[PDB]
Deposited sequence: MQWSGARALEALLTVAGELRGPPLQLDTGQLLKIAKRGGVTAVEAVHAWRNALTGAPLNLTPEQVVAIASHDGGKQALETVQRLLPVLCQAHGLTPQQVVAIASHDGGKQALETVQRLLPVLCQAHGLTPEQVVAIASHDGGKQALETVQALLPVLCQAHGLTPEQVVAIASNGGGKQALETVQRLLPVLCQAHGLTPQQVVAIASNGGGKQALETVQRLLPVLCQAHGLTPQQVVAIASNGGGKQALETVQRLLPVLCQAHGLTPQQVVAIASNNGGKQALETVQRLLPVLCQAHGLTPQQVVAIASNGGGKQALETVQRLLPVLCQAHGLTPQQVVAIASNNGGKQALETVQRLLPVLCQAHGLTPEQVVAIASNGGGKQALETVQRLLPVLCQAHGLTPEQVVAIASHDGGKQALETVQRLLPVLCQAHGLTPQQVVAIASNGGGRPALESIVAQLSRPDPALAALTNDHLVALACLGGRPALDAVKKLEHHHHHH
């Protein structure tokens, strides 16, 4: 109770009583809250756990941790208890939407601003509630909402943006800055020898915001002339968060990396056109000679690994783990590169290192299969999900390990496996598909929505044959099923 106990002691005391219901927090969730919301947020969570989880709020422990774990966490926790009922009962927002709004730094501010501005933004011929929630669901959500309120009319009338484009620009961290900068720089950027309005909107909408736009304004002429890049390549580099950083890094490193038998400008653009393109470029500069000597990789492979987001993390992890993977696990350098060459390459590699024994011994997969699974984006998720669901998919649903590996071996493998698990019985028992056909559908990128679109059109239809529908689902997934509505209708 009431004392001047020190910070850590205060924390561990609050944590002590937070081990059981309604909210049993672990060390992980505790640390998570501490790192952003602080001991303040931990104390808030303690103080309010019963009200937060009880009626009529009924928030889960996960939702509570999600709100608590940001700067101003206590403020957001206090504010949602007030405003969730209001926003839900008076404005028809879902609790999920309200929690989404609250789960950012300064969430209190965003929630209060949605309360105030939702009635003025969502009048006739205005924004949809969904658009308002999207805009509010970022740090500085209040600033973004007030700025859309202000500049929506001039951006649409004077510059001819659609409301949808204005929302796209606004729906990022620093959205207020992106909107004001678009409004200022459109005229200057969109002249002969500049960018198209479409390109400026892309830059403003992809997360690099104000910084990326100002840096393009500044560096376009020299990057396009002295550095020989096309405007399109400059826009590609700028069209990520931290675009400014990547652009300045390309300006600095182009005359380094593009020397005799170095990289091409196109290779440099490729490396830089990812989140953290700066880190990826600098790491290529630093590690290309050593990965090629020590670990036997080629410059082409190094560029391949660098050419995704998490480039730096993947390159450093290859440098660190290629030996053990090759020796303690008998993989080849080409296999390690294949696992590394995706978003999350680092995670994929560490998960292969951790999980390859249990999967090959206890589950009887081949290292080749494990590598196949790991060699996509989200590879870590796919590995862990195969570990989790292999036995239930094979035992209860009658699949072969080969089929499970097939479902797992694309981007979104986790989602595909979980969806197959959900929907295999209804597709087979109610609509007469085979497990082979379900597996066929699931075994592509976009497997999950392909399966959901097919169970949708099969449960209540608007016609091609079922086999034709399965064939379309395999060929182009959900988009194929939707694009055939745009005809038969």
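A.B. asks: May I ask you to mark the stretches of the deposited sequence that the structure leaves without C-alpha coordinates?
C.D. replies: The deposited sequence has unmodelled segments at 1, 464-467, 495-499.
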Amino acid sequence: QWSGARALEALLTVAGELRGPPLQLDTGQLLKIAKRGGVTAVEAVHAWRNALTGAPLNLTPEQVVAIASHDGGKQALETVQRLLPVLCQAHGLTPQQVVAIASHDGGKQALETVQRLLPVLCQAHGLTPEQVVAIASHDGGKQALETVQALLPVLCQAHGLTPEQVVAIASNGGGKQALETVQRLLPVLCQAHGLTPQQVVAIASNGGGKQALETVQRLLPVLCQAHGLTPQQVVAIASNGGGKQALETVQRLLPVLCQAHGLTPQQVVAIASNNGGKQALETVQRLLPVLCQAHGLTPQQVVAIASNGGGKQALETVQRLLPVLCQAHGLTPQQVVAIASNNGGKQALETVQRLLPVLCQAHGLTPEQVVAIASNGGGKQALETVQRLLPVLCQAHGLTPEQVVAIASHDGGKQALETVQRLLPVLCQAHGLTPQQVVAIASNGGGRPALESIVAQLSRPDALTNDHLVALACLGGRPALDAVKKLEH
From here on, numbers count along this sequence of modelled residues.
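A.B. asks: Higher average CA B factor in the deposited record is what I'm after, so tell me if that's 74-82 or 351-359.
C.D. replies: On average, C-alpha B-factors are higher across 351-359.
A.B. asks: According to the deposited model, is the average Cα temperature factor higher in 240-248 or in 385-393?
C.D. replies: Stretch with the greater average CA B-factor: 385-393.
A.B. asks: Say you rank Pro367, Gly141, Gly345, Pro163 by Cα B-factor from the PDB entry; which sits at the top?
C.D. replies: When the deposited C-alpha B-factors of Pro367, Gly141, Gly345, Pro163 are compared, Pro367 is largest.
A.B. asks: Among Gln157, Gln211, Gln232, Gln131, where is the Cα temperature factor highest, going by the PDB entry?
C.D. replies: Among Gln157, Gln211, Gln232, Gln131, the PDB entry lists the largest C-alpha B-factor for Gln157.
A.B. asks: Which third, lowest, middle or highest, does the CA B-factor of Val303 fall in along this chain?
C.D. replies: Lowest third.
A.B. asks: Would you please rank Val438 by its C-alpha temperature factor against the other modelled residues of its chain and give the third it falls in: lowest, middle or highest?
C.D. replies: It falls in the bottom third of the chain.
A.B. asks: Sorting the chain's CA B-factors, does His91 end up in the lowest, middle or highest third?
C.D. replies: According to the entry, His91 has a C-alpha B-factor in the chain's highest third.
A.B. asks: Considering every modelled residue of the chain and its Cα B-factor in the PDB entry, is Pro153 in the lowest, middle or highest third?
C.D. replies: Its C-alpha B-factor, which the entry lists for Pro153, ranks in the middle third among residues of this chain.
A.B. asks: For the chain shown, is the CA B-factor of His193 in the lowest, middle or highest third of its modelled residues?
C.D. replies: Ranked within chain, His193 CA B lands in the highest tercile.
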